[PDB]
Structures are given as C-alpha cells and as structure tokens.
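Chemist: Sharing a structure with you now.
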Amino acid sequence: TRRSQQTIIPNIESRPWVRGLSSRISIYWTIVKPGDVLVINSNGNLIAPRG
Amino acid sequence: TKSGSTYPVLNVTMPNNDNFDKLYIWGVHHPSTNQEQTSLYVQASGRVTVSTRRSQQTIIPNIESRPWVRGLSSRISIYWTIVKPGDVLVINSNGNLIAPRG
Ligand SMILES: *[C@@H]1O[C@H](CO)[C@@H](O)[C@H](O)[C@H]1NC(C)=O
C-alpha cells in the first residue's frame with residue numbers, strides 16, 4: 001500500500017503430513033485506509049483475495 | 001560438520017510420545033568467511049528448518065566479518081522449539097546445523 005508493504009518468499013521444505021499434506025499456506029492481512037491503494041505484486045505462490 | 005567430502009541433506013524425525021511437553025534447544029552456525037562455510041559445511045549456503053506439526057522455523061546463516069568476540073569473527077544463533085505430546089519434531093538441514101543432543 002502507500003503506507004505499508006509486505007514481501008513474502010515461500011519456503012520449500014518437507015514438513016510433517018497434516019491432514020494428508022506436506023505443504024502449508026501462510027495467511028496475512030493488510031488494511032487499506034480511505035484514499036490508500038492496494039497493490040498486489042506476485043510471480044507465483046499467491047493465494048489471491050476475492051474482495 | 002562435514003564427513004569426508006559430503007554433507008547430506010539431513011531429514012530426521014523425532015516423535016513425542018511422552019505425556020509431557022519437550023523443549024528442544026538448537027542452534028545455527030554463522031561462519032565468518034566464505035571459505036569457512038565450505039571447508040566445514042561443503043554447500044555454498046546452509047539452511048536449518050526445525051519444523052513441527054504446528055510451527056516451523058527456517059533459518060539461513062549469515063557470512064560476515066563480525067568483530068572479534070572471544071577471539072572469533074563467527075557466531076552461533078541459538079533457537080528453540082516446543083514439541084507438545086503427540087506432535088513430532090522434524091529437523092531438516094543441509095549445513096550450518098548445531099543439532100540438539102536431546
Ligand atoms: C523425511 O523423513 C520423514 C520420516 O522419516 C519422511 O516421511 C519424509 O518423506 C522425509 N522427507 C524427505 C525429503 O526425505
């Protein structure tokens with residue numbers, strides 16, 4: 001955003017099987033104030049928000 | 001450290017079947033020179049990933065010429081990980097691992 005950025009790099013490791021999977025997903029949150037803009041920049045491993 | 005000429009990608013597992021929680025104290029070695037990384041851990045850059053079924057910790061070692069403390073320009077970063085009953089400990093490392101003895 002125009003006030004805060006969050007750069008995340010995914011990790012590739014053999015994690016324990018949780019619910020039958022060795023891969024996970026890291027959820028974050030970002031708050032956009034009135035007037036602020038949301039800029040999502042990704043080249044892979046993105047769990048895009050619907051709204 | 002390296003054995004002969006190869007440092008394998010260690011992938012061990014240690015389950016917690018005990019009735020109480022376990023605390024594992026493990027560290028990560030940070031060499032002072034680029035030669036110290038290879039003449040001890042072979043690989044160009046190590047990686048320690050001590051993970052559980054609830055939390056993972058991926059550490060990348062730093063190679064910098066730090067001030068001489070106790071006659072050494074290299075340090076070791078100590079970390080921690082709590083394994084609850086039923087949880088499993090998975091240490092995944094290809095170098096720069098200061099493994100816990102217990
Ligand atoms: C690591 O070891 C665990 C248990 O021995 C196994 O389930 C897993 O597939 C191994 N991962 C790799 C990358 O060897």
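Every chain in the structure tokens takes a letter, A first, then B, and so on in the order presented; its residues are numbered from 1, and the ligands are numbered from 1 following the presented order.
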Within 7 Å of ligand 1, counting only C-alpha atoms and all ligand atoms, which protein or nucleic acid residues do you find, written as a PyMOL selection string?
Modeler: (chain A and resi 14+16) or (chain B and resi 11-13)
Chemist: Which chain B residues are at most 12 Å from chain A (counting only C-alpha atoms), as JSON, numbers by chain?
Modeler: {"B": [9, 10, 11, 12, 13, 14, 15, 47, 48, 49, 50, 51, 52, 53, 54, 55, 56, 57, 58, 59, 60, 87, 88, 89, 90, 91, 92, 93, 94]}
Chemist: Identify, on the basis of only C-alpha atoms, every residue whose closest approach to segment 29-35 of chain A does not exceed 10 Å; exclude the query and any residue fewer than 6 positions from it along the same chain; express the result as a list in words.
Modeler: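 Here the qualifying residues turn out to be residues 1, 2, 3, 4, 5 and 6 of chain A.
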Chemist: Using only C-alpha atoms, which residues sit within 12 Å of residue 40 of chain B once same-chain residues fewer than 6 positions away are excluded, as an mmCIF file with C-alpha atoms, in the first residue's frame?
Modeler:
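Result file is around-v3.cif:
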```cif
data_model
loop_
_atom_site.group_PDB
_atom_site.id
_atom_site.type_symbol
_atom_site.label_atom_id
_atom_site.label_comp_id
_atom_site.auth_asym_id
_atom_site.auth_seq_id
_atom_site.Cartn_x
_atom_site.Cartn_y
_atom_site.Cartn_z
ATOM 1 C CA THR B 1 30.476 -30.758 10.389
ATOM 2 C CA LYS B 2 31.220 -32.395 7.046
ATOM 3 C CA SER B 3 32.144 -36.082 6.868
ATOM 4 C CA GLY B 4 34.992 -36.670 4.433
ATOM 5 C CA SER B 5 33.752 -34.663 1.460
ATOM 6 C CA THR B 6 29.927 -34.619 1.620
ATOM 7 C CA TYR B 7 27.357 -33.002 3.919
ATOM 8 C CA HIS B 29 26.352 -21.690 12.947
ATOM 9 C CA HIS B 30 27.222 -18.428 11.174
ATOM 10 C CA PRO B 31 30.688 -18.640 9.557
ATOM 11 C CA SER B 32 32.900 -15.578 9.295
ATOM 12 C CA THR B 33 34.335 -16.289 5.827
ATOM 13 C CA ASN B 34 33.055 -17.888 2.637
ATOM 14 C CA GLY B 46 23.337 -23.855 4.628
ATOM 15 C CA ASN B 94 21.848 -29.260 4.648
ATOM 16 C CA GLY B 95 24.521 -27.441 6.666
ATOM 17 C CA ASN B 96 25.207 -24.946 9.449
ATOM 18 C CA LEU B 97 23.253 -27.106 11.907
#
```
Chemist: Could you pull out the alpha helix (DSSP H) residues of chain B from DSSP and send them as JSON, numbers by chain?
Modeler: {"B": [34, 35, 36, 37, 38, 39, 40, 41]}
Chemist: Kindly save the residues from that selection, with C-alpha atoms included, as a compact mmCIF listing (two decimals), in the first residue's frame.
Modeler:
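Below is the file again.txt, written as the result:
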```txt
# COMPACT_ATOMS: atom_id res chain seq x y z
CA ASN B 34 33.06 -17.89 2.64
CA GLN B 35 35.83 -20.49 2.91
CA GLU B 36 34.68 -21.44 6.41
CA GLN B 37 31.22 -22.26 5.03
CA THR B 38 32.57 -24.80 2.51
CA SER B 39 35.57 -26.20 4.42
CA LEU B 40 33.12 -27.23 7.16
CA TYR B 41 29.65 -27.47 5.58
```
Chemist: Running DSSP on the backbone, which parts of chain B land in strand (DSSP E), as a PDB file with C-alpha atoms, in the first residue's frame?
Modeler:
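What follows is the written file part.pdb:
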```
ATOM      1  CA  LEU B  10      19.667 -34.428   6.849  1.00  0.00           C
ATOM      2  CA  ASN B  11      15.958 -35.215   7.288  1.00  0.00           C
ATOM      3  CA  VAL B  12      15.365 -36.768  10.709  1.00  0.00           C
ATOM      4  CA  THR B  13      12.172 -37.168  12.721  1.00  0.00           C
ATOM      5  CA  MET B  14      11.683 -37.447  16.490  1.00  0.00           C
ATOM      6  CA  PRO B  15       8.134 -38.123  17.724  1.00  0.00           C
ATOM      7  CA  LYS B  22       9.502 -31.261  25.233  1.00  0.00           C
ATOM      8  CA  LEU B  23      11.778 -28.250  24.713  1.00  0.00           C
ATOM      9  CA  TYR B  24      14.498 -28.601  22.064  1.00  0.00           C
ATOM     10  CA  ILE B  25      17.365 -26.092  22.137  1.00  0.00           C
ATOM     11  CA  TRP B  26      19.118 -25.970  18.765  1.00  0.00           C
ATOM     12  CA  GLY B  27      21.486 -23.524  17.116  1.00  0.00           C
ATOM     13  CA  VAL B  28      22.681 -22.305  13.729  1.00  0.00           C
ATOM     14  CA  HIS B  29      26.352 -21.690  12.947  1.00  0.00           C
ATOM     15  CA  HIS B  30      27.222 -18.428  11.174  1.00  0.00           C
ATOM     16  CA  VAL B  48      18.205 -25.195   9.108  1.00  0.00           C
ATOM     17  CA  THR B  49      14.456 -25.930   9.125  1.00  0.00           C
ATOM     18  CA  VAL B  50      13.354 -27.308  12.501  1.00  0.00           C
ATOM     19  CA  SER B  51       9.628 -27.867  11.967  1.00  0.00           C
ATOM     20  CA  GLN B  56       8.267 -24.337  11.526  1.00  0.00           C
ATOM     21  CA  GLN B  57      11.456 -22.278  11.730  1.00  0.00           C
ATOM     22  CA  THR B  58      13.603 -21.838   8.612  1.00  0.00           C
ATOM     23  CA  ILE B  59      16.976 -20.200   9.306  1.00  0.00           C
ATOM     24  CA  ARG B  75      28.904 -16.617  15.939  1.00  0.00           C
ATOM     25  CA  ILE B  76      26.148 -19.179  16.550  1.00  0.00           C
ATOM     26  CA  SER B  77      22.441 -18.301  16.679  1.00  0.00           C
ATOM     27  CA  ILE B  78      20.563 -20.340  19.295  1.00  0.00           C
ATOM     28  CA  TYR B  79      16.862 -21.056  18.726  1.00  0.00           C
ATOM     29  CA  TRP B  80      14.127 -23.052  20.436  1.00  0.00           C
ATOM     30  CA  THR B  81      11.141 -25.245  19.589  1.00  0.00           C
ATOM     31  CA  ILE B  82       8.435 -26.721  21.829  1.00  0.00           C
ATOM     32  CA  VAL B  83       7.035 -30.136  20.870  1.00  0.00           C
ATOM     33  CA  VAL B  88       6.554 -34.618  16.001  1.00  0.00           C
ATOM     34  CA  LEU B  89       9.942 -32.943  15.595  1.00  0.00           C
ATOM     35  CA  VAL B  90      11.386 -32.737  12.073  1.00  0.00           C
ATOM     36  CA  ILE B  91      14.895 -31.295  11.711  1.00  0.00           C
ATOM     37  CA  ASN B  92      15.734 -30.590   8.061  1.00  0.00           C
ATOM     38  CA  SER B  93      19.194 -29.191   7.371  1.00  0.00           C
ATOM     39  CA  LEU B  97      23.253 -27.106  11.907  1.00  0.00           C
ATOM     40  CA  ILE B  98      24.046 -27.092  15.620  1.00  0.00           C
TER      41      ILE B  98
END
```
Chemist: One decimal, Å: what's the distance from atom CA of residue 39 of chain A over to atom CA of residue 24 of chain A, could you say?
Modeler: 24.0 Å
